[PDB]
Every structure is written in structure tokens, then in C-alpha cells.
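Contents: one structure, followed by commentary.
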Amino acid sequence: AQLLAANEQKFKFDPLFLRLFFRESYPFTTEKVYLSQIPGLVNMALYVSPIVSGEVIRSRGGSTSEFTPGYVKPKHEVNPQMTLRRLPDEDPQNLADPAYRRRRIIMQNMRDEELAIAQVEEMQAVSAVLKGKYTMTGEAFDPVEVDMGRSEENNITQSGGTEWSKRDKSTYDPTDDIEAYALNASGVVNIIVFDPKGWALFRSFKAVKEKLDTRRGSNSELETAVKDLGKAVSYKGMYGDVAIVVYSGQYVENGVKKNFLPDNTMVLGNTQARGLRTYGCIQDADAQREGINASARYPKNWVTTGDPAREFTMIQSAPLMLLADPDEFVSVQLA
Amino acid sequence: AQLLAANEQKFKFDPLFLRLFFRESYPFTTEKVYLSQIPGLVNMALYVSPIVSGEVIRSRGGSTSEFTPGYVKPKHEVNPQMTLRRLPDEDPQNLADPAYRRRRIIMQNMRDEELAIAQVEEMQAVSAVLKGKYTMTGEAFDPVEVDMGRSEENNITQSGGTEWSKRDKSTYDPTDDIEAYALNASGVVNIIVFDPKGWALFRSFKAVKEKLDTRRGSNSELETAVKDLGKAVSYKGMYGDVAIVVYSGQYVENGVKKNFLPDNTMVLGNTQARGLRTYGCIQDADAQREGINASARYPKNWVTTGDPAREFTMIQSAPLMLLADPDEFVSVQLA
Amino acid sequence: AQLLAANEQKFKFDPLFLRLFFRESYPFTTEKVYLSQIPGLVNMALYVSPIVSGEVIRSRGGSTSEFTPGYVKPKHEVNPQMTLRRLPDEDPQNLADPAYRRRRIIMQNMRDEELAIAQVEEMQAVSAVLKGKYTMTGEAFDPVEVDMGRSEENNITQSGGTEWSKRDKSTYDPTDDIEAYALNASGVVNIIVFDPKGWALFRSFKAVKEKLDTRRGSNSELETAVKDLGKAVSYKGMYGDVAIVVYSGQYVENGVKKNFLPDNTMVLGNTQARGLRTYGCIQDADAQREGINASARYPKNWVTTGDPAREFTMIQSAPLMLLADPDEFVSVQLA
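Line order of the protein sequences matches chains C, B and G.
Residues 7 to 341 (the entry's author numbering) are what the first sequence spells out, left to right.
Residues 7 to 341 (the entry's author numbering) are what the second sequence spells out, left to right.
Residues 7 to 341 (the entry's author numbering) are what the third sequence spells out, left to right.
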């Protein structure tokens, strides 16, 4: 059987949300995820004369704690009938070796497994930053709710008398409307990432293209962080002090593709916003014995006997994406 | 006769369709091609409970999983009278000996056999992704039809009603048309490869000229993948987010050179698409006897006696150029 | 733990459809079943000249492929407490040894495995040639559809138009109706398989009673099938050139017995009709580890650890009882 240390992946393919907002991670050593354990923020200094001692500082972070993360654990078989990919310039002599073929199959199954986990880790992020409400469902899970604690004003949808679709396409300037939306953002807005269906509406305005300086090179760091996803994400240009990204990544259902975002929607935030990546206990009998109770991922390979007689490789984790200031992003439902 | 070791070519000149979309290859160990063994696409992760239970994931192949490969075995003769081409740095003194003349004519036959096979493979790939459908024909061979499953929404015909050739060349902006045609691409496009004749009408508009970039290219390693194909491939620049390539390849029929693409056409798509390069078995006694049934190419040299007392060279293969998702591209039929 | 050498069933008990139409069996080597790999029939040898190269015959034709098998795996436990079924003409002295008693109860348990899988094969076969369409389903196995391609011209229902009950049971003749039913058979028909209570009404006609022949012996080799399954199969005699046989077989559901053929049915076919007996792979780690992928049955004895700590016996199969051509039978729904 493959050793547990066979974890040679080193691929970082975070789809534009775990790579820009949810950088820091907090794996937990307890089963449930207790929100009151995060480091939190800090008071100013509390001036004190240098003859008397000062009160010790204590930061706690959040009140509602007893959350519960999902415990996704996809499996795969290693049936040695798959037609292995012809790696460039590899010899055919090595392909005859059963051990090398088995190792190649295990390595490909690891990639397939890790691409299956990040889908949930990004669906959680998308759901968190659209409404601040996110429920976990699935067969045999007892659906668990997650209330991030959003305000109400940070969901402004254009549904009044005048919308961006049913007005003038030559004289209207959306700068004022965008600033009005970003006023209640509890900070300086920096990213106005679009869903391309909703993007095409904004793009039609000439007042946009008359001032959208879409020069190549976003800010010298954003395009460095987003070139890896040449399939899903794209960069439009700079709208002055802010940049525009078009995110079109799709999450696959049992057999069908679906969009992460509703088509005619946009969301505003910052690249410096902090997003928690809290995990939970990897409740495994062997993982407890190897002292890896608190960790991000946990591969395992075993050989089953008798009824489902096969060899399985499984990846298990516990994603409970969170935010510190959920009301800093504003998700505008366009029309 | 020269042995199987006469395979010293190691030249990678696959022309823009086997290198940009069909990079990965899946040679098979059976007469036909079955999509069941193909890894396919990863599914969702399916939240489950803790160690209580766990369900096994199987990656199926869908509905159709049986295709017939396009077997091919072009033959050449090695008559030691053909006047050798004056390749540079070639001394005739160490050339008059037949031991070198034959050894070089063998290599020349290998080169043009491989060139013909690779060019037919590219023709197959273009016929595949220009319209989604495909066929196999030929004298002394049973016709075979191959259907990728392209959606009808990805075959936009420009001739109907609103073309590009009948608009003002200084006021009409074709960005809106490109956006409207690339909206239904099931993924952000970055490659808008044109035709040598089809690019003229697109570029004739003035609005493109100022916005169009020529700055040597700043997209990716794509410029390196283009510089090797200096003859029939030209890289123009930036449309703002996508790259522009004008490709004017040619292939030799019975006696006439023709282009791969229909005259006034263009394609949009992604440079990160998944293009299958499935191959059948090399149904030869020696290949099976040497365990080389699963391979992309098979050279062979022998001498037949009695009626055709001549020495021959063969390169056997069986391409079935296939595309994972045909709906990731848009084929605009310009007019 | 008994090894795979415990294969001593030695019982040939094919019930009248695996013996009359589905004689030829073909265990596949791929998980899914592709009919484009069936050898097919053989034609007359050409009169090739002596001193000339011959021509290679191709034993292929007819795709109709892509059918998946209905994997079946019934378990049993071998707890040594049950009173052993004492076989007639056996030595009772060596029954004292528990090691022999366990080895005998293993085979007594294996017989039930074989019978309970033969019943599933009969369920596959009987209604295979009754409509063409076949839905295989059950718990822990999602429903699967298998369609032969029978035409509506081959499934005449007597209820359409004129019934048979509302007719004179002493003067009317069904010969014209029989010929009309047999005209759309794409081949001569000589079997008139009935249902006993659906055959009583057919026999109720006066002319049929004396018209039916009851001569000794079948045509060539039809009485041979009767001599084996005499409990539920009866051969009335001759009806010109078509044989009258009555199948009153039953299969056991959980605790109740059901008849194989629905009430009012009669099938018109040929004894030489080709009926496939395809199979799937033995999806088991030990099967690949011992190279027994292409097999119909697969015994296994093994020991469970911990929760149901017992020793089990299991047989795995994959019956996909299939017809070479759906248009060789006519299944009249009597009325």
C-alpha cells in the first residue's frame, strides 16, 4: 500500500476567492468549529504613566461559536483498466511494469480528488459573499445553517423605477451609481468583479469605454495572481482607482455544469479583506494515531476485502469558510 | 534491413491544433476506442456525515463509448537511385558510398511519412472543431462518421441578415458582435483565430486599429508556441483581453494545395481546452510480438521478395482526433 | 477458508429458454457489453483458385452495442448450526468431523447461490423475448433500460379489434390468425409456447382438438428438452410444422411463487433463432489479481472482522440475457 507521506501535489489552484480573500487558514483541533477562538482585533494603546502598571490586553473575537463544518470525504477506486495518459517522451518499457502503472493511477486519482474538494471550498466562498447566508445540505447530512451576520443594506439590488438595462445607453454615467452602492461598504472599495452575463450589460455604456483604461497590466500583482486560471477568470481593465475582473468558473453537478454566480450580478469588496479558512477535526482512526488530528487535508489508501473487494483512495477535510467583516462586500443583483 | 531503432526524429512541429488544444493523448490497447476508460471530468464533492458512512464515486463515460479509429499505413519505396536533396554541410565524398546514401534516404522517407501523418491529424482536428461533426472516407475503406455532439448555438452564421462586410468601415464597432457571439461559449475565450482572408474585413474597421495591440505579445508562452510555426502562423496582438492569431496552413491533395479552413470563417475558444488524442492499436504481427500494440506511431522496414522484389518503409498509425467538450468554441461563418 | 477450487456445482439446469434460444454464451472482458465484438455467423467458402492468394474472412457485423450488465451478488452465511440435508447414498460415518460438515454446508449453500442466480437469468430471458424492452432495477442498483429494437408489428395484442373469447368455441378456426401473426416474423416459426390457462381457451376450439397431432416423439430434438424439466414443461404435439409446448414454470419471490409468463401470452419463434448469453466483468480485486475477468460465475469464501464477525460465501455474476435479432419472434397478447 502507498505510504501516507505520498502527498506530492504542490499545486495551488485556488479559484480567485480562496486566493484573494481567504488567504489565512485556521485548522482546528476540536470536532466542531468554535468561532470565539479566532485572534481578533486589537485596542489602541490605553495611555498609561510609566510608574503604574497597565491592564493586560485580551482579545476574544466573535460571540456565536458552536458551528459545525461539513465532512466531505470523496473516494476513488484504482481499477487498473483505465487507459493511462501518454506522458510526453516516456518510454513504453516502463508502462509494462504493473507497479509504475499503479503509482500513476494513484497519482491521477489524487489530482481528481483534490479538484473535487476545492469545488466545495469555492462554492462556500461564493455563497458566503453573495448574501452572508449559506446552508449545507446533502444526503445523510442533516442540513446545517450558517448565518454570517450580514446587515440588510449590503444587498442593494437595482429593482426600482430605473435600472441599468432600461435607461439611456449613451449619456448615463454609472460612476455615481457605483459610488452610491459602494458608500455602505465599511471601507474603500477595490474590486467590482462581474459575472460575464451581467458584465455585457455594463460594457455597453460608452461612458464606460470612454474612461475604462483597459491597459495591459492590472496593478502588477493582481494579474500575477490570476494568470494561473486561464480557463475561468479574466481581467478587463482599471476603472480609475479600481479594477474589474470577470469570473466565469463553473461548478459541476452530478452530470451537469452550473454557474457559481447568478448571471446578472456583481459584487464589490477589497483584495486586502480578511477571510477565515477554518477547518475541523479529521475524525479518522489512523489520523488520531499519527497525530494529525488538526490538518487541512488527509489522504488515505487502503485495500478492502470480500464484499466490495477493491483498493480505495480517499481524501477528507472539513471546510467552513468564514469572514471577519461580512458586511464589507456589497452584492448587487443587477437587472 | 534497418531495425526498429531507426526512430531518431524527435521533432515537435505539431501545427497549432495538436499543441494548443489537443496536448494530451490517450493511446489504447484495443482495436476500437472506448470512452469509458477515459478519466472524464471530476464531479462535485457531495457533503456527507462523519465516519458513519461513505459512498464510492464512479466516473462513467456517458452514452456513446465506441468509436472506430482511422487506421493508416502509407508506404514508400527505397529505390537507391533517387537524387538526394542538397541538404547543407553535406560532403559528397562521404556520400557516394551506398551505406550512407541508403541510410539517409531511409530517414527522408521517415520524415515525409511523419509529415503526412501529422498533417492529416491536423486536418482531422480542424474538421472536428470547425463544425463539431466529422467523417472518415477513403478509397478501399468503409466510410465512418464521428459526431462530437456540438450544440447548434455554437455555429453562428454571419451571413444571415447582419454581416460585417456591409457596414461603415469607420463607424461600426465589432466589439459588441464579438461579445454577443462569445457569450454562449461555456467559458471565457482567449483565442479568436481568424482566416487569412477573414481577418481583412475584421481589421478594416478603424475602431479596432487604435485599441489593437502589436506589443510583441504579452499573453503567455503562446508566442514561443508560435515562433516555431513562423510560416503559416502569425500572431498579431491584443484585443484587450484575448489573443489574435491568423493561421494560413495548407495541405496537399492529389495535386492541389488547399487551406484547412473554409475561406471566410473564424473561431473563438479557449487555449486551455481539453482535446483528446486517442489512438487505436497498430494491428501488425511485429508490433504485437514486441508489445508495442499501444502506441501513436509504428515504423517498419522490410524487403519483400518474389513478385515485388523491393524494400519498403511503412509508418502505421490510427488517429481518432477527439474533443472533450465541443461547446467550448464558437465557429463564426463570416460572409 | 476454501479457495476458488471449490467449484463442484456440476448441475446443468437451464429452464427451457436458456436451452431453446439462448444456447450460445459469450463472457465479455469489458465492464460494459459491446455487441460489435460478437463473431456472428459463417457463410459458404468461396471457390478460390488453387495457385492464387486467398481472401481473409471478417467475422463481424452489426453494432447495436453499448449495453450494460446487471451485476448480481447474493451473500450467504455459513454458521454451523443448521441441520444438514443428508444426500441420498452418502457415507454417514464421516459426518462427526466438523471440518467435513463445514465443507459440506459450503456446497449446500453454494447450490442455493447457483439456483438463485439461474432464476435471475430466467427473469432476464423470459421477458426479454416478450416485448424487447427490459428494465432491470432493484434496491442499491439504479434502474437500467435495455432495448432490443422490436417493432410494434411484432407485438400484436388480441384485444385490438376482435378478441378470441367472444367467438364460437366449436367452429371458428384460428389458422388464419396464426398465419397473420407469423407473417411478420422475418423467418419460419415452429414453436407455439403457451401459458396453461392461456392455452386452455386455445384448445377449447373443436376443430383444433382433432386437428392437433399427438404422435410419438418430437420433430428431431425437441422431446430431449422435455425429458429434463418434466415438472413444468409439457409437449402437446404437432400442429402441422409448428410444435405446441406449454411452459408452466414458476420463480420464487421473497416468500411467494409467480408464473414466468403472464396470463394470456403466446410466442412465435424458431428453434434456430440466435440468442446471445452475454456477461460482464467480475468486478472484484481478487478477480483481477488472478486474471479471471472473463467469467460468468465467481465463488468466494471469506471472513468478516468485528461487526458481523461471520464467514460468508458469495457468487458474483453479470447476466445480460440478450437476443441477436429482436424481429425473429412474435409475442401475441391473447384475449
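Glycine included, each C-beta is placed from N, C-alpha and C at the ideal position.
Residue i versus residue j - alpha carbon distance
i: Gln322/B; j: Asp20/C; result: 43 Å
i: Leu90/G; j: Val150/G; result: 39 Å
i: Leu340/C; j: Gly166/C; result: 11 Å
i: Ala302/B; j: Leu22/B; result: 19 Å
i: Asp234/C; j: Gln278/B; result: 11 Å
i: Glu72/C; j: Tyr140/C; result: 16 Å
i: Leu47/G; j: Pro33/G; result: 18 Å
i: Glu159/G; j: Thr143/G; result: 27 Å
i: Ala300/G; j: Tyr40/G; result: 14 Å
i: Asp153/C; j: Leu26/C; result: 22 Å
i: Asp182/G; j: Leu328/G; result: 31 Å
i: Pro86/B; j: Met320/B; result: 17 Å
i: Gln114/B; j: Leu10/B; result: 16 Å
i: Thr36/B; j: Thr35/G; result: 11 Å
i: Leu207/C; j: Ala213/C; result: 13 Å
i: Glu185/C; j: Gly275/C; result: 12 Å
i: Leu101/B; j: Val258/B; result: 31 Å
i: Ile288/B; j: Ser42/B; result: 20 Å
i: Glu216/G; j: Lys175/G; result: 13 Å
Where residue i falls, given that 16 or more other Cβ within 10 Å makes a residue buried
i: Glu96/B; result: exposed
i: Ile57/B; result: exposed
i: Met88/G; result: exposed
i: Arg295/G; result: exposed
i: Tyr241/B; result: buried
i: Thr284/C; result: buried
i: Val338/C; result: buried
i: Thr163/G; result: exposed
i: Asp292/B; result: exposed
i: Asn225/C; result: exposed
i: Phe17/G; result: exposed
i: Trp308/C; result: exposed
Secondary structure of residue i, DSSP reduced to three states
i: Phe208/G; result: helix
i: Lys172/G; result: coil
i: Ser42/G; result: helix
i: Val84/B; result: coil
i: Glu216/C; result: coil
i: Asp148/G; result: strand
i: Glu317/B; result: strand
i: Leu282/C; result: strand
i: residue 2/G; result: Here chain G comprises residues numbered 7 to 341, so residue 2/G is not present and cannot be evaluated.
i: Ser133/C; result: helix
i: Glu72/C; result: strand
i: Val126/G; result: helix
i: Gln99/C; result: helix
i: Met113/G; result: helix
i: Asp292/C; result: helix
i: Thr181/G; result: helix
For residue i, the residue or residues it bridges with in DSSP
i: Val62/B; result: Its beta-bridge partners do not exist; DSSP assigns none.
i: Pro56/C; result: Answer is none; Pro56/C lacks a bridge partner.
i: residue 3/C; result: Residue numbering for chain C in the displayed model covers 7 to 341; residue 3/C lies beyond these limits and cannot be assessed.
i: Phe200/G; result: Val252/G
i: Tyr304/B; result: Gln322/B
i: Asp331/B; result: None; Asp331/B has no bridge partner.
Relative to chain B, which residues along the region 39–54 of chain G have a C-beta separation below 9 Å, given in chain order?
-> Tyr40, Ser42 and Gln43
Pull out every residue of the region 184–200 of chain G whose Cβ sits closer than 8 Å to any Cβ of chain B, in chain order.
-> none
Would you list, in chain order, the members of the region 148–171 of chain B that have their beta-carbon closer than 8 Å to a beta-carbon of chain C?
-> none
Scan the region 219–230 of chain C for residues whose Cβ lies nearer than 7 Å to a Cβ of chain B and list them as they occur along the chain.
-> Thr220 and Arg222
Interfacial residues, the region 285–314 of chain C to chain G, with Cβ spacing under 8 Å = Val309, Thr310, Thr311, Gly312 and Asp313
Can you give me, in chain order, the residues of the region 317–331 of chain B that have a beta carbon less than 8 Å from any beta carbon in chain C?
-> none
If you measure beta-carbon to beta-carbon, which residues of the region 101–115 of chain C are closer than 8 Å to chain G?
-> none
Could you run through the region 73–86 of chain C and flag, in chain order, every residue whose CB is less than 9 Å away from some CB of chain B?
-> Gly76, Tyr77, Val78, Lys79, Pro80, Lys81, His82 and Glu83
Selection of the region 17–37 of chain G by Cβ proximity to chain B, strictly under 9 Å | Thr36 and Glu37
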